[PDB]
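Worksheet: one structure, shown below.
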Amino acid sequence: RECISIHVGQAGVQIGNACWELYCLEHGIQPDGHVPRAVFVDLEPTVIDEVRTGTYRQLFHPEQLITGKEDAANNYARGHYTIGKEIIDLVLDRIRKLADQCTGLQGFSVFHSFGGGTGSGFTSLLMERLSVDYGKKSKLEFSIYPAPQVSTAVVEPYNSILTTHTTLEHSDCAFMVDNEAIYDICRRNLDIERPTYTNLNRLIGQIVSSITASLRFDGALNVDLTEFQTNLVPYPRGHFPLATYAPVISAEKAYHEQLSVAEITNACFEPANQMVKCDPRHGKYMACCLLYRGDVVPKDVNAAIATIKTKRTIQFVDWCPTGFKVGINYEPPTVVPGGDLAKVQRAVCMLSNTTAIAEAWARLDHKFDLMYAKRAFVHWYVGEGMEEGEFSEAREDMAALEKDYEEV
Amino acid sequence: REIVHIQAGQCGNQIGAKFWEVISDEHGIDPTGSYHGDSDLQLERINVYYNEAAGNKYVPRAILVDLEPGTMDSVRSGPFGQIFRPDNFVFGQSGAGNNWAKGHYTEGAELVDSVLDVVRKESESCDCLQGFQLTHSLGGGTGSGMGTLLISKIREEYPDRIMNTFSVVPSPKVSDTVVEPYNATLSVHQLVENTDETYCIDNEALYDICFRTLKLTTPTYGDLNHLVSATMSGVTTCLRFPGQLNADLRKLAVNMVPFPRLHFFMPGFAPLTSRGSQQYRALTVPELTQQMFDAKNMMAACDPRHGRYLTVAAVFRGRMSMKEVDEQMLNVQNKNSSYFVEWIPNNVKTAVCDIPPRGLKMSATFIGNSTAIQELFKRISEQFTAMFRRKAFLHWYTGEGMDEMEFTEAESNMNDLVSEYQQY
Amino acid sequence: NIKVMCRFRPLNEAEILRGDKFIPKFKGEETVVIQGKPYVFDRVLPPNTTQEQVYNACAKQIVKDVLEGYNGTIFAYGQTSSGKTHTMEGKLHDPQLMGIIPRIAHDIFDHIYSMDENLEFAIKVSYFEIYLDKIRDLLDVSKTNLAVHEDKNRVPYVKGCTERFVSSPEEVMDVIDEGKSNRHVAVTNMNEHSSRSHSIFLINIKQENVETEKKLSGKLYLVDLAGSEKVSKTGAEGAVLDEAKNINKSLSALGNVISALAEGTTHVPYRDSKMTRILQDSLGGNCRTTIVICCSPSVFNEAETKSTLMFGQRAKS
Ligand SMILES: CC(=O)O[C@H]1C(=O)[C@@]2(C)[C@H]([C@H](OC(=O)c3ccccc3)[C@]3(O)C[C@H](OC(=O)[C@H](O)[C@@H](NC(=O)c4ccccc4)c4ccccc4)C(C)=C1C3(C)C)[C@]1(OC(C)=O)CO[C@@H]1C[C@@H]2O
Ligand SMILES: Nc1nc2c(ncn2[C@@H]2O[C@H](COP(=O)(O)OP(=O)(O)OP(=O)(O)O)[C@@H](O)[C@H]2O)c(=O)[nH]1
Ligand SMILES: Nc1ncnc2c1ncn2[C@@H]1O[C@H](COP(=O)(O)OP(=O)(O)NP(=O)(O)O)[C@@H](O)[C@H]1O
Ligand SMILES: Nc1nc2c(ncn2[C@@H]2O[C@H](COP(=O)(O)OP(=O)(O)O)[C@@H](O)[C@H]2O)c(=O)[nH]1
Ligand SMILES: [Mg+2]
Ligand SMILES: [Mg+2]
């Protein structure tokens, strides 16, 4: 029934604090109410401390807040092997101590930031140690994969070609939200050149609320977590769909809010609104899980979607007749009291697997080579319990992910 | 985490006074007083540079190494001079001769053990050690020789903890000493093979940047020092603060050093505007990258525009949009694709603290690993040969128990170091 | 030119049906298949190639050139149970099961006393390991670091390395027995030999032309690279596993740049590590270099063998 969550890496933790905020906010549980149902991991204390100092301070147990005073290191190796190792046990312990206390759970919604040290590496083995300790569950990891041109870390790809290959054979469904492609939404669909990280977080903090929160919440067309991976992954590769939200209108500027279904659904497939720089440049969808929430008439959907199924310029895969999982919830969305999110009475958080990422992976793989081709910051990992193996052999890995997403 | 500063020589020492002059205020620590901190955040991470004894006396955890009493006796007899526990003062009343050899093999070699002693008392302080900060000048005895030894020993004692080195490489135009390239070439040698992060500053790159980027007409040393100390605060201490995207010595190291040499960087501060007037506040952000990435404004002597970059680390520290930050960095990477090396898709390492420099709204330390610094070790290396050839003031070295093959060694080494850097 | 030679060791009957089975498909005498792989490189020695056969292709020429006063390097690599011990030395006295070092020693003393009538030979052997990137002399193991100095040309060499005369094969074996008895080997089961320290065996062929007083000095470096491993996880293990992982990775990485520079690319990472200062005379001047890579079927060996394959393969393709 439930779904634990492990927010790993400063980012996965910032996003965590955010997604975790939106929650109570739409469940009437102020600062000090019940008890969360997740954990927080990082090898840099000062960040998890922000959850220990700032807002939502006492809504957590100093037990579901793991830290390694030591060093973060923007390098996979160190975070996965060398350092990150020391903490893992302890980490697991909570996701085994928190996994027990419950009643017939469904899985762990993992939150990490692909191109980091604590986020890429660590998790790599966290999800790793999970796939074995609970192979019998769902492993949906919600990632924030590398901005297409606006990356941060100098090595980023090293850290992301490595978190992909190690987690690939362990996740159930990996959701992806592109940091940059979300900015566009903040520039083009909300207008603001002042987007603090605290915003992108409010956003995913939204799209995510549509996943677990509301879905695990009764409705006219419930959709379990398992449901996803089933209706969402055509093949064992921990396939990565993309998150998209519909009413991403500004709560100040424009106001046409009342945008009946027929509209908000069409607003999902236009590439300028998908939290991912994977513009359907050719990528044929192969399965979409249209999660709606708020006042929505099933016919409205079983029509708005029909209209789409026949737009053709939206070309769905061949081997797939119908790939539209319509998830209907009741309670409309719940926007931050005064952030910058419109606040409509219905939304569409559609996620999907698109042959599109054939790109995104490509463009991120190429990156890697360029540097590996010169070993660039290699000495930083080797000296951290890794080898020419793990790199070269994780490159070959993704290679068959460029062929996979091509063949399917 | 933690670190333990090291004030090798006079310069490295003089600067200590400025690095600590600053840092303290950037941590509300009065002379012997405690934490008056305008805030409450300038304390949760102090440990990195102090120690708990009394309850109002957080003492800087640095080392003051020097063979010339008068110096440390000027730093200890002035302002903040009375905050260092006397145990910190590892003096060498000997003749602090201006010979690299006199402070590395003959005179310094003695005072070393009585130093390492303390560098261990401080390391075994508490919690977990990160690395050590090292200040000095590569143009003298107690600086290049004895300080370059202090590290060769440190790096044998904890080849785990990092080693940032702040070197005052011999300025071009005019040398404030005569053997300079001797004391220098010999210390860079030791550097390229022990510390793993070096920030080279040039007394004249500063003047310039301090007399034209600060209409400042009488740039006393105190100033230069002050400017420098401003950068080393943005680096370390800073990142030991919260941030949307924070890093720490390692990140900085593990994102900036593609190849083990250790490589040397060139620090650059952000808001560098003259007092009154200039206080333009054009600091939205494009203004900071405008700054940081220009030629002038690079504490180094060489000009970036004269050679690609391998890595860059804009360590910003002041509330800003991870968008207007992450974004700017890009255009910058495309307007200058020319010089920014290609085999690294994203040279830049964006870092972002939160709290800014006490009195400022927004700043951003720049740590560049450009291939341009080739044209400096060249310089140094040249000066050597031109004088080595005639063994100029060599008798002051050999006569101190040195080797004719020692000088050969260093030059070559450091000389090869020039070579490599071009390979990129 | 640097040439890469793969050597597969054969399986013994006790392991053909234990768990270890063939993964190496051989094609011709120069391609080895493994999952995906359409060409290999220059030569693959099968699990049917003699010790003598490996020695002819790999070392015989290098020994010949060394006797005329040139440098040569033979590098060795391969993980645990890959066949390294069997190729380099084998058994110390075995008429055809003997390795590379006992054969070179036999060929050296077959020319000496048959061709000395103006040549005065002195065969000097030196044996040192690089452990925690410090040069430990193995003829006196109270030494925990040892330094390089530079020669007449400004090229570094290991000064103070204890050298000894050898004038018959026996004294060479006695140096090997002495050095192996203090080599850092992980205590596993008796069969496994987990090398945590890289070994450099120097044969310095000094020959003196007694008539003109011209001296020649060919260096044969037999470098045993322990190599970068398929081992377990680290981060709460205080073994010499973590310590070895840092040594093997730093040296294999420098490896990668060195073949890439030998098959072309402006000068670069010389004087970076002690290994790369020891082998400085061997690399860049008139030298020859053979890298002998081993790897048995036992599935883990696929890891190091693929490592030796890629050292080779990047360069020629
Ligand atoms: C009224 C007002 O706003 O005054 C400013 C000011 O006028 C300017 C010109 C300051 C001023 O700095 C200098 O004039 C300067 C003198 C010698 C060497 C280098 C700089 C200032 O003195 C410096 C001072 O800096 C700080 O307070 C930072 O926290 C800084 N602190 C120190 O360097 C420091 C100085 C004395 C004692 C202890 C610390 C810092 C920077 C980075 C990391 C840690 C601390 C500031 C904003 C100002 C004055 C006071 C006029 C500027 O410098 C800095 C480092 O902020 C020079 O260009 C900038 C722009 C500022 O607006
Ligand atoms: N959406 C979003 N992305 C973030 C956030 N914080 C960081 N990121 C992104 O995630 C990556 C940064 O990872 P880091 O913060 O460097 O590292 P980490 O994954 O927390 O772990 P360490 O490297 O060990 O510190 C970059 O690509 C950032 O753009 C956040 O709050 N929200
Ligand atoms: N060609 C061969 N013929 C007979 N026995 C062999 C042969 N090659 C290897 N062996 C044996 O198989 C084992 C592998 O030996 P060596 O001991 O040669 O391995 P490595 O040296 O491959 N091992 P390691 O050092 O632990 O990484 C030993 O028991 C050898 O005696
Ligand atoms: N920035 C800066 N440079 C200094 C200071 N003092 C000496 N220097 C420089 O250091 C070099 C001289 O070395 P010195 O410090 O006297 O050596 P030591 O005292 O014998 O170790 C010259 O290049 C000076 O410009 C200083 O307080 N600040
Ligand atoms: Mg972090
Ligand atoms: Mg062996």
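Condition check ((1) within 25 Å of residue C:126 (Cβ to Cβ); (2) surrounded by fewer than 19 Cβ atoms within 10 Å (Cβ to Cβ); (3) in contact with a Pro (Cβ under 6 Å, 6 or more places away or on another chain)) across all residues:
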residue: C:223; (1), (2), (3): yes, no, no
residue: C:226; (1), (2), (3): yes, no, no
residue: C:229; (1), (2), (3): no, no, no
residue: C:232; (1), (2), (3): no, yes, no
residue: C:235; (1), (2), (3): no, no, no
residue: C:239; (1), (2), (3): no, yes, no
residue: C:250; (1), (2), (3): yes, no, no
residue: C:258; (1), (2), (3): yes, no, no
residue: C:262; (1), (2), (3): yes, yes, no
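Determine whether the stretch A:353-361 contains at least one residue that is touching an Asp or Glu at 6+ places or on another chain (Cβ under 7 Å) and either of a type outside the set (A, V, I, L, M) or more than 13 Å from chain C (Cβ to nearest Cβ) (or both).
yes
If you take the residues in the stretch C:222-242 that are facing another protein chain (nearest Cβ under 8 Å) and among the polar types (S, T, N, Q), which one is farthest from residue C:269 (Cα to Cα)?
So the residue we want is C:234.
May I ask you to say which residue of B:250, B:275, B:240 is under 24 Å from residue B:25 (Cα atoms) and within 16 Å of ligand 5 (Cβ to nearest atom)?
Selected residue: B:240, the only one of B:250, B:275, B:240 that is under 24 Å from residue B:25 (Cα atoms) and within 16 Å of ligand 5 (Cβ to nearest atom).
Do any helices (runs of 4 or more DSSP H) entirely within the stretch B:152-256 hold 3 or more residues that are outside the structural domain of residue B:313 (by CATH) and surrounded by fewer than 22 Cβ atoms within 10 Å (Cβ to Cβ), and if so, which?
Fully inside the stretch B:152-256 and qualifying: B:203-211, B:221-239.
Go through (1) under 30 Å from residue B:240 (Cα atoms); (2) of a type outside the set (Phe, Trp, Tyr); (3) surrounded by 22 or more Cβ atoms within 10 Å (Cβ to Cβ) for residue B:360 and report which single condition fails.
(3)
Would you mind telling me which numbered condition in (1) crowded, with 23+ Cβ neighbours inside 10 Å; (2) in the same structural domain as residue A:316 (by TED's automatic domain parsing) residue A:228 fails?
Condition not satisfied by residue A:228: (2).
Within the stretch A:352-372, can one find any residue that is out of contact with any helix residue (DSSP H, G or I) (no Cβ under 8 Å at 6 or more places or on another chain), among the basic types (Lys, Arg) and assigned to a loop (DSSP other than H, G, I, E, B)?
For the stretch A:352-372, residues out of contact with any helix residue (DSSP H, G or I) (no Cβ under 8 Å at 6 or more places or on another chain), among the basic types (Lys, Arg) and assigned to a loop (DSSP other than H, G, I, E, B): absent.
Tell me yes or no: at least one residue of the stretch B:303-313 is touching a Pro at 6+ places or on another chain (Cβ under 6 Å) and either closer than 30 Å to residue A:77 by Cβ or away from chain A (no Cβ under 14 Å) (or both).
Yes; the residues of the stretch B:303-313 include at least one that is touching a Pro at 6+ places or on another chain (Cβ under 6 Å) and either closer than 30 Å to residue A:77 by Cβ or away from chain A (no Cβ under 14 Å) (or both).
So, in the stretch B:45-54, exactly how many residues are more than 16 Å from ligand 5 (Cβ to nearest atom) and under 17 Å from residue B:237 (Cα atoms)?
6
Tally the residues that are of a type in the set (A, V, I, L, M, F, W, C), more than 8 Å from every other protein chain (Cβ to nearest Cβ) and either in a loop (DSSP other than H, G, I, E, B) or touching a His at 6+ places or on another chain (Cβ under 7 Å) (or both), restricting the search to the stretch B:257-273.
4
What number of residues in the stretch B:289-320 are buried (at least 23 other Cβ atoms within 10 Å of the Cβ) and over 27 Å from residue B:374 (Cβ atoms)?
3
Of these, C:219, C:214, C:206, C:245, which one is among the charged types (D, E, K, R) and facing another protein chain (nearest Cβ under 9 Å)?
Exactly one residue qualifies, and that residue is C:245.
Residues that are within 25 Å of residue A:402 (Cβ to Cβ) and not hydrophobic (A, V, I, L, M, F, W, C): list the helices (runs of 4 or more DSSP H) wholly contained in the stretch A:206-325 that include at least 1 such residues.
A:225-232
Please go through the stretch A:100-118 and give me each residue that is crowded, with 19+ Cβ neighbours inside 10 Å and away from ligand 2 (no atom under 16 Å from the Cβ), ordered by number.
A:105, A:106, A:107, A:108
What is the one condition in (1) in a helix (DSSP H, G or I); (2) within 14 Å of chain A (Cβ to nearest Cβ); (3) over 20 Å from residue C:266 (Cβ atoms) that residue B:337 does not satisfy?
For residue B:337, the exception is condition (1).
If only one of B:328, B:290 is among the polar types (S, T, N, Q), more than 20 Å from the chain's Cα centre (by Cα) and more than 14 Å from chain A (Cβ to nearest Cβ), which one is it?
B:290
Anything in the stretch C:255-280 that is farther than 15 Å from residue C:158 by Cα, hydrophobic (A, V, I, L, M, F, W, C) and part of a loop (DSSP other than H, G, I, E, B)? List them, or say none.
C:268 - this is the single residue of the stretch C:255-280 that is farther than 15 Å from residue C:158 by Cα, hydrophobic (A, V, I, L, M, F, W, C) and part of a loop (DSSP other than H, G, I, E, B).
Among the candidates A:369, A:404, single out the residue that is farther than 22 Å from residue A:154 by Cα and surrounded by fewer than 20 Cβ atoms within 10 Å (Cβ to Cβ).
Matching residue, one of A:369, A:404: A:404.
Condition first: in a helix (DSSP H, G or I) and touching a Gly at 6+ places or on another chain (Cβ under 9 Å). Now tell me which residues in the stretch A:373-398 satisfy that.
Listed by number, the residues that qualify are A:388, A:396.
Note: ideal-geometry Cβ built from the backbone for every residue, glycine included; neighbour counts use all protein chains shown. What is reported rests on the model, the rules as stated and the sources as named; nothing here is a laboratory result.
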